[PDB]
C-alpha cells in the first residue's frame, strides 16, 4: 500500500498553489449542521495507513512514475516527499487531535483536526484529507446504527418494560451488501459499537486488530438457514428442511428463512401444525427464530405474528403487549432501514404486539446506502501561517451559507449546560470552557493515544 498515491489527484498539484511562505496548514473535520454523531474510526485509518514509516525510495519512485503518466507531466512533488523520507525516516510530520473514539458529539462540532508539524510539509495536511476523510463512513454507520438502536430502545422499553437483548435487536447482514471487503470490515465495526449481533465476521478481526476487545470477542451469531438450504430439498420437501434445520440445531437458537414459498403457509402449516412439536419442545435459550424476507416488512411481521399468535399460546406482558412463548421469536430480514425500522416497530405497537417478539436485521441500508452526504462529514482548512503570521481561513459560497466553514484554530469544549461547543479563532485559549476535549492522537507518524473497542462502547452508550 502506497500512501504517495492514496489521495485525490489534484492535491498532488496543491503544493504549488498555497500562498508562498506558508509554514502551516491547519485543517479540521466536522459533520456540519441526526443531531449527534458517534465519532468513530479515525484510529483505524491512522494505524493501517498513517502511522510508521509511510515513505520509501520505492514509494516515492512509484508515485512519480504514475503521476507522470497520469498527469502527462511531472507535477508530482518528489522533492517534498523525498524530504520527509530523509528528515523523518518516512514518518509523516503531522499532528492530529480528536475527540475520544465513540464520543457522541452534536452536529457542527470539531471532531478532529490535522496540521503539519514541520513547516516544509505545509502540503501534507490536506494531502491526507482524502485518506482521513473516509472516516465519515464508520462514523455514519456508527451513527445511523446507534439511531436505529434508540428507536428499538424507545419502543422496547415502552412495550416490555425494559431493554433486555436490546444490543441484539439489529443484526448485520450487509456483508454481501457492501462495496468491498475492507468496507465490510470497517462497517461491521461501526455497528458492533451499538449492537453485538453481526454476521459480517470481517468487522470482528478489524476490532481485535485495531481496537482490541477484552470482552469475549466483539459480536456474535446464531446458526440460520438461507434460501439455498431450504429450496435445495425441493419445493415439496420444505417441511423436510425446516425439520432438519431445527433438529441439527435443536442445540442452540436457530433462524430459518420461511419465505422461500408462501411465508404464511410455512408459518401456519409447517411450523404451526406439522412441526408444532419441534417448536414448543424447544428451549428459551435457543428458540426457533422464524425469519421471513418476502415483502413489506410491516404487514408481514404483523401477519406473521398474527398467524403465530394463532397457532401458538400468546400471552400479554406487564405492559399489555402480546408476547409469544419463549421458544418462538421473529427476525425481519428484509426492508429494514432506520426509516422502516420505525414503521414496523410502531406498527407493532399500534397492533399491541411487543417489540420483544421481534429482532431485526438490515443488510445494504445498514452497511451501504450511506454517504458522506448524510451527516455532512467535511474536512476544511481553517488556519494557515503565511509569512510568520497566521490567518483564519474558511469558505462561504454565496449560493450556500450552509457550507460556511469554521475559521481559525479550533478547540472542542464542554459548556456549562453539559453539552459541547467548538471554539474558533483560537479563542479556546482564553481558559474559558475548561480544557480542549480533543486529544493529540497522532504526531510524527506515531499513535500517541488510542482507545479500546470496549471504551468506544462505553462512550457511544445510550441514555
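Positions refer to the first chain, counted from 1.
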Among the other compared PDB entries, is residue 36 dropped in a third or more? no
Residue 406 left out of the model in a third or more of other PDB entries: no
Size class of the missing deposited segment between residue 33 and residue 34: 10 or more
Output the stretch having the higher mean C-alpha B factor in the entry; the candidates are 15 to 23 and 437 to 445. 15 to 23
As the entry reports it, the stretch among 208 to 216 and 337 to 345 with higher mean C-alpha B factor is 208 to 216
Given 421, 398, 45, 55, identify the residue with the highest C-alpha B factor in the PDB entry. 55
Relative to the other modelled residues of the same chain, rank the CA B-factor of residue 81 and answer lowest, middle or highest third. highest
Quick one: classify residue 243 as lowest, middle or highest third of the chain based on its Cα B-factor. middle
Would the CA B-factor of residue 313 place it in the lowest, middle or highest third of its chain? highest
Could you place residue 203 in the lowest, middle or highest third of its chain by Cα temperature factor, using the values in the record? highest
Residue 87 by Cα B-factor - lowest, middle or highest third of the modelled chain: highest
